[PDB]
Number of protein chains: 4
Amino acid sequence: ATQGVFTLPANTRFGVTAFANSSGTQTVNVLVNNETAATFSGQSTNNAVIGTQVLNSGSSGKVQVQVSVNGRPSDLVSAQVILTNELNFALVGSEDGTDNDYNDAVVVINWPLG
Amino acid sequence: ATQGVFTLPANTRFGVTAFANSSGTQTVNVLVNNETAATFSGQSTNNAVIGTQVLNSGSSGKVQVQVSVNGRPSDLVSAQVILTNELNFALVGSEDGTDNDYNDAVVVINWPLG
Amino acid sequence: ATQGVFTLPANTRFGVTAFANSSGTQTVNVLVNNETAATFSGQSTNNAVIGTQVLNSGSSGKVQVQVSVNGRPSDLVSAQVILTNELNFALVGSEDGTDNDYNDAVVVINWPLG
Amino acid sequence: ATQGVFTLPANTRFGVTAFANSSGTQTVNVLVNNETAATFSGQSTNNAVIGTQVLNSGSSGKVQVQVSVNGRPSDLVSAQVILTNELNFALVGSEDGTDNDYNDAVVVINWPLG
Ligand SMILES: [Ca+2]
Ligand SMILES: [Ca+2]
Ligand SMILES: [Ca+2]
Ligand SMILES: [Ca+2]
Ligand SMILES: [Ca+2]
Ligand SMILES: [Ca+2]
Ligand SMILES: [Ca+2]
Ligand SMILES: [Ca+2]
């Protein structure tokens, strides 16, 4: 099934943050309405927050997270969770190898902000 | 119901990161095995990371997050999500006022690391 | 924080199912647009389905689950999870006692339907 | 990534419930310790509960959900969510066609019981 794609409320600012846990250099692309809006990269086996940024969901509210290592797309897992019908978390995990820990690149999207 | 309490596998490394979205300075205490193991303090209304660290779950694996603003405990909401039966997210949202956006202090705990 | 309240897309069909795990008779009230749309009542300590039905979120899409035992409101825990950005689960757990297993009345709301 | 596989605490009773929302007959298999422990088959576009039973996780605690339509395996999506660090939901969605709603056969596993 498709993973890493989330529908946020339109024209809403959200935070996107990436974590690295791999010996390979991670590259995270965040697309809004099918267009890259932010890219983060880094190499850490100690959960370094390789990047964070505030984006606007735009008119479509469509957000997609892509993870690649040296140009090679990683296998993704994701889900969205809503707490007290207000706080939203869109989560993504990724595997760039076969040890299957799926934390090589971890991305958390949260909203609302402010 | 109790919130902000998670049972992680014992003696395991996990990451804890806090984001702030409030006019008030957020104080995030992380207790492991019933003893404070880390504390983050910061202020932001733009989802800035006010702290991130790697900790160990201790002998019981019990990890608790508490949030307060100038001594006043914030109401918490939380949940744990597991993807592909191995990637874990312990999530916490908190409210320091009455607008109930529960993002004043957002905390993400993730494991495994490395 | 408020629990058991979910905002579904307006005028959408959804399923609601209640399970019981308590010595006490569980009374589950499902409100739509702040009005009772269905009530399930039964007793079971073996996860028996005390009710399942197809409802409509109505104009507002506001859905709320209330659980009471002998008239006394049970404490609730809840969250919404969305898989592959299409499959939604509105989950509710309730506690009518002190053992805090929060399964005394378990309610699962799912959409979209077929 | 692998989906529909869950690790529950060993020798623990859990509930497994399947809903149907497809034009095709859904075949849901629940394997405990790599052995078929329950099977539900049915057709419904209105969330009929085609099956709900209480099973024991066995010595391994490994539980797997498989869904097929007339011998053809459906693609699965899944996740586990834990509320108040006590109530567990193992969620599964399945897709038999081309409308990516993954609600053709929906399975919910919950524990603890009683
Ligand atoms: Ca890996
Ligand atoms: Ca890794
Ligand atoms: Ca607030
Ligand atoms: Ca706020
Ligand atoms: Ca109870
Ligand atoms: Ca109970
Ligand atoms: Ca379908
Ligand atoms: Ca369907």
# chains A, B, ... in the order shown; residues from 1 in each chain; ligands from 1

call {"tool": "residues_around", "arguments": {"residues": "residue 8 of chain C", "least_positions_apart": "3", "cutoff": "7 Å", "atoms": "only C-alpha atoms", "output": "list in words"}}
result
residues 57, 61 and 62 of chain C

call {"tool": "closest_atom_pairs", "arguments": {"of": "chain A", "to": "chain D", "cutoff": "10 Å", "atoms": "only C-alpha atoms", "output": "JSON lines"}}
result
{"residue": "A:1", "atom": "CA", "partner": "D:77", "partner_atom": "CA", "distance": 6.5}
{"residue": "A:2", "atom": "CA", "partner": "D:100", "partner_atom": "CA", "distance": 8.5}
{"residue": "A:3", "atom": "CA", "partner": "D:77", "partner_atom": "CA", "distance": 9.4}
{"residue": "A:75", "atom": "CA", "partner": "D:1", "partner_atom": "CA", "distance": 6.7}
{"residue": "A:76", "atom": "CA", "partner": "D:1", "partner_atom": "CA", "distance": 7.1}
{"residue": "A:77", "atom": "CA", "partner": "D:1", "partner_atom": "CA", "distance": 6.8}
{"residue": "A:78", "atom": "CA", "partner": "D:79", "partner_atom": "CA", "distance": 8.7}
{"residue": "A:79", "atom": "CA", "partner": "D:79", "partner_atom": "CA", "distance": 7.6}
{"residue": "A:81", "atom": "CA", "partner": "D:81", "partner_atom": "CA", "distance": 9.0}
{"residue": "A:94", "atom": "CA", "partner": "D:1", "partner_atom": "CA", "distance": 9.2}
{"residue": "A:95", "atom": "CA", "partner": "D:1", "partner_atom": "CA", "distance": 8.7}
{"residue": "A:100", "atom": "CA", "partner": "D:1", "partner_atom": "CA", "distance": 8.7}
{"residue": "A:102", "atom": "CA", "partner": "D:1", "partner_atom": "CA", "distance": 9.0}

call {"tool": "write_last_selection", "arguments": {"atoms": "C-alpha atoms", "output": "mmCIF file, in the first residue's frame"}}
result
data_model
loop_
_atom_site.group_PDB
_atom_site.id
_atom_site.type_symbol
_atom_site.label_atom_id
_atom_site.label_comp_id
_atom_site.auth_asym_id
_atom_site.auth_seq_id
_atom_site.Cartn_x
_atom_site.Cartn_y
_atom_site.Cartn_z
ATOM 1 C CA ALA A 1 0.000 0.000 0.000
ATOM 2 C CA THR A 2 1.019 3.619 -0.458
ATOM 3 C CA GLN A 3 2.928 5.094 2.477
ATOM 4 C CA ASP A 75 10.983 1.272 2.030
ATOM 5 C CA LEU A 76 8.433 3.333 3.964
ATOM 6 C CA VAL A 77 5.912 2.712 6.748
ATOM 7 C CA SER A 78 3.556 5.362 8.086
ATOM 8 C CA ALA A 79 0.330 6.256 9.855
ATOM 9 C CA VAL A 81 -2.728 9.603 14.788
ATOM 10 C CA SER A 94 12.059 3.998 6.591
ATOM 11 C CA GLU A 95 14.400 1.106 5.902
ATOM 12 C CA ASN A 100 14.635 -4.036 9.330
ATOM 13 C CA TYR A 102 12.840 1.021 9.969
#

call {"tool": "residues_near_ligand", "arguments": {"ligand": "ligand 6", "cutoff": "6 Å", "atoms": "only C-alpha atoms and all ligand atoms", "output": "PyMOL selection string"}}
result
(chain C and resi 21-22+101+103-104) or (chain D and resi 114)

call {"tool": "closest_residue", "arguments": {"among": "C:64, C:113, C:18, C:33", "to": "residue 47 of chain C", "atoms": "only C-alpha atoms"}}
result
C:18

call {"tool": "residues_around", "arguments": {"residues": "residue 90 of chain D", "least_positions_apart": "3", "cutoff": "6 Å", "atoms": "only C-alpha atoms", "output": "number ranges by chain"}}
result
D: 80, 108-109

call {"tool": "write_last_selection", "arguments": {"atoms": "N, CA and C atoms", "output": "PDB file, in the first residue's frame"}}
result
ATOM      1  N   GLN D  80      -0.283  -0.797  15.245  1.00  0.00           N
ATOM      2  CA  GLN D  80      -0.737  -1.113  16.594  1.00  0.00           C
ATOM      3  C   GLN D  80      -0.754   0.203  17.354  1.00  0.00           C
ATOM      4  N   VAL D 108      -9.775  -5.948  13.518  1.00  0.00           N
ATOM      5  CA  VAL D 108      -9.350  -5.286  14.735  1.00  0.00           C
ATOM      6  C   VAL D 108      -9.084  -6.336  15.797  1.00  0.00           C
ATOM      7  N   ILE D 109      -7.903  -6.255  16.390  1.00  0.00           N
ATOM      8  CA  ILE D 109      -7.494  -7.156  17.453  1.00  0.00           C
ATOM      9  C   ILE D 109      -7.325  -6.274  18.680  1.00  0.00           C
TER      10      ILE D 109
END

call {"tool": "atom_distance", "arguments": {"atom1": "atom CA of residue 26 of chain D", "atom2": "atom CA of residue 74 of chain D"}}
result
9.3 Å

call {"tool": "residues_around", "arguments": {"residues": "residue 111 of chain A", "least_positions_apart": "3", "cutoff": "8 Å", "atoms": "only C-alpha atoms", "output": "list in words"}}
result
residues 13, 14, 15, 87, 88 and 89 of chain A; 103 of chain B
